[PDB]
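Structural characterization, general
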Amino acid sequence: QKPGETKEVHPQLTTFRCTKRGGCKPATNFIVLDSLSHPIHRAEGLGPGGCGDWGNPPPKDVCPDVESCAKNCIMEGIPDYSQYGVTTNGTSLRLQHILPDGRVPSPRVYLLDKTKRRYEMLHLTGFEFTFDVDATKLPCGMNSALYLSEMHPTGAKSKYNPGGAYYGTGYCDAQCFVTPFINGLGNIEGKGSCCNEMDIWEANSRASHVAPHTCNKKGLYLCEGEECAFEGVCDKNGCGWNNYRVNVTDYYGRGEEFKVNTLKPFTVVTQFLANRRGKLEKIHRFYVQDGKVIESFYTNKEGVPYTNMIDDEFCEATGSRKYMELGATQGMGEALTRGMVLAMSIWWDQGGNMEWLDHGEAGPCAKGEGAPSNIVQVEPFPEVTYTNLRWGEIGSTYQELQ
Ligand SMILES: *[C@@H]1O[C@H](CO)[C@@H](O)[C@H](O)[C@H]1NC(C)=O
Ligand SMILES: *[C@@H]1O[C@H](CO)[C@@H](O)[C@H](O)[C@H]1NC(C)=O
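Residues numbered from 1 in each chain as written, not as in the entry; some residues may be left out. Chains lettered and ligands numbered in written order. Heavy atoms only, no water. Residues with missing side-chain atoms left out of burial classes, pairs and counts.

In the PDB archive, X-ray crystallography is given as the structure determination method for this entry, at a resolution of 1.200 Å.

In structure tokens:
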């Protein structure tokens, strides 16, 4: 959609680049809300209304074709990101799901480079990504997410999408959802927006999940029909890694009973380990809390290979069929090598209560406990803070107390 007159005021976020010899060096980045979370209205003279709802093509009165949609639908800048639950402070990013005014902005943001006009493209195969988190205000059913999508670096800036990454255009993920704009262009045919997705972190104070999701496509693919469905071009489920799913129940949770005690802040380290041919072979997650490294658990379950890292043998054995068919760990790594955009979000699930994250096989949350209607009794204002985003050489992003 066409940018409007209102100023976009991106929050500034200091991050780090790390090497063993040089330590962690600060860098300037900016934060941008998803394009379709900006106010979208019709051009002057065309009356009231927007330009479409999630899940659908844009309305054909203003968007009969891409060219018309591009002139007839206007996307306003956001001058105060706090109105959407997004604030920064130094090296910290705070995402508020619910505001005191009662709004539920459920923000999703991307990391922009220092120019504000191109996403910060991360190339993580053979490297590590680390962040600090405060998960205390995330009960059952909440998902704080920090993940990578194979979005285009400029948000696919083009004649009809002049806003680009500066306005957060170009979102895609492994769910192939239909949005009224894709790559900043009106989605006349109602295609889904598909791409490879590495879910570094999907977690609350009750469970922590990691999952690569492959697609058989490079970059953003517009899917039709069955291509967007479970048997299509992307892996909806992912290859999931959650201590509870592998019968380790004392690793992560609220209290001293857990190794990673989510009542306190902690550091989350993710290494993307390559083989000698430079292809991704293993994904390794460990933590740091109270100045001490917390190594990964090993799996502890019948039928699950004994491992402390995600790899093809584990993914296959645990039933990650589309993951394997659509490229497996090597395919995920090829996307990481090409370059990915960092997305951070907070959300809840009216339909399914986030049960896959923290209920049953996946955690301690009871049936119904993660419903949004229950979340608000437990934590009226869910929120997450990510701090000290940093990436670089294996072994360089963390430091134990001496
Ligand atoms: C920012 O974060 C710091 C450290 O948690 C805190 O003490 C201060 O009160 C917060 N706000 C600023 C810097 O606006
Ligand atoms: C969990 O692990 C214990 C061994 O530590 C084993 O005895 C038990 O059967 C396992 N339970 C499940 C549900 O897999």
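Read on for the rest.
Description of the overall build of the protein
The helix and strand inventory of the protein stands at 6 helices and 25 strands. Each principal axis of the C-alpha atoms in the protein carries an extent, and together these give about 65 × 50 × 45 Å. Long-range pairs, those at least 24 residues apart, make up 70% of the contacts in the protein with a sequence separation of at least 6. (Helix = DSSP H or I, 4+ residues; strand = E, 2+ residues; numbered from the N terminus. Contact = heavy atoms within 4.5 Å.)

What to know about the environment of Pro-26
If you trace the backbone, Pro-26 turns up in strand β3 (residues 23-33). With relative accessibility at 61%, the residue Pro-26 sits in the exposed group. Between the C-alpha atoms of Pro-26 and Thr-15, which are 11 residues apart in sequence, the distance is 5.6 Å. Leave out the neighbours within four places in its chain, and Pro-26 touches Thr-14, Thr-15 and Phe-16. (Buried < 20%, exposed > 50% of the residue type's maximum accessible area, 1.4 Å probe, protein only.)

A look at the pairing of strand β10 (residues 128-134)
Within a regular strand, side chains alternate between the sheet's two faces. In terms of burial, β10 is a largely internal element, 6 of the 7 residues being buried. Here β10 pairs with strand β21 (residues 266-274) via 6 bridges, running antiparallel. The residue of β21 that forms the bridge with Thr-130 is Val-269. Summarising the sheet, β10 and strand β25 (residues 383-392) pair through 6 bridges and their orientation is antiparallel. Counted as the bridge partner of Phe-129 is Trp-391 from β25. (Pairing = 2+ DSSP bridges.)

Some points on the site of ligand 2
Every residue lining ligand 2 is accounted for by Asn-247, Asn-300 and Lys-301. Between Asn-247 and ligand 2, the recorded distance is 2.3 Å, taken from a side-chain N or O atom to an oxygen atom. Between ligand 2 and the protein, one listed contact pairs an oxygen atom with a side-chain N or O atom of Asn-300 at 3.1 Å. (Near = heavy atom within 4 Å. Polar contact = N/O pair within 3.5 Å; in protein donor to acceptor, adjacent residues only side chain to side chain.)

Some points on the UniProt feature "disulfide bond" in the protein
UniProt pairs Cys-172 with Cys-195 in a disulfide, and the coordinates agree: the sulfur atoms lie 2.1 Å from each other. Within this pair, whereas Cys-172 is found in the loop between β11 (143-149) and β12 (177-178), its partner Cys-195 is found in the loop between β15 (192-194) and β16 (197-203), the two being separated by 23 residues in sequence. The same class applies to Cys-172 as to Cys-195, namely buried. In textbook terms, a disulfide joins two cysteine sulfur atoms at less than 2.5 Å, and UniProt's bridge between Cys-223 and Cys-228 fits this description with an S to S distance of 2.1 Å. Accessibility classification places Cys-223 together with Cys-228 in one group, the buried group. (Disulfide = S-S within 2.5 Å. UniProt positions renumbered as here; feature names shortened; annotations may be inferred.)

A word on the state of the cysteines
Under the criterion given, the structure shown has 9 disulfides. Between the sulfur atoms of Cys-140 and its disulfide mate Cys-365 the distance is 2.1 Å. On the S-S bond that ties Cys-140 to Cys-365, the torsion sits near -90°, and the link is left-handed. Placement of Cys-140 in the loop between β10 and β11 and of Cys-365 in the loop between α5 (355-358) and α6 (372-378) is noted, with a sequence separation of 225 residues between them. Look at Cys-140 and you get buried, because its relative accessible area is 3%.

Some words on the UniProt feature "active site" in the protein
Summarizing the sequence annotation, UniProt attributes the feature "active site" to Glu-197 and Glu-202 in the numbering used throughout. One can find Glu-197 in strand β16. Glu-197 has contacts with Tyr-147, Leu-148, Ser-149, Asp-173, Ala-174, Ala-211, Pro-212, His-213, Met-332 and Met-340, leaving out every residue within four places of it along the chain. Here the side chain of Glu-197 touches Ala-174 through a polar contact of 2.9 Å, landing on its backbone nitrogen. Assignment of secondary structure puts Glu-202 in strand β16. Residues within four places of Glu-202 in sequence aside, it is in contact with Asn-143, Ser-144, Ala-145, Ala-207, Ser-208, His-209, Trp-347, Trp-356 and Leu-357. Within the local environment of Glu-202, its side chain forms a polar contact with the side chain of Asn-143, the two groups lying 3.2 Å apart.

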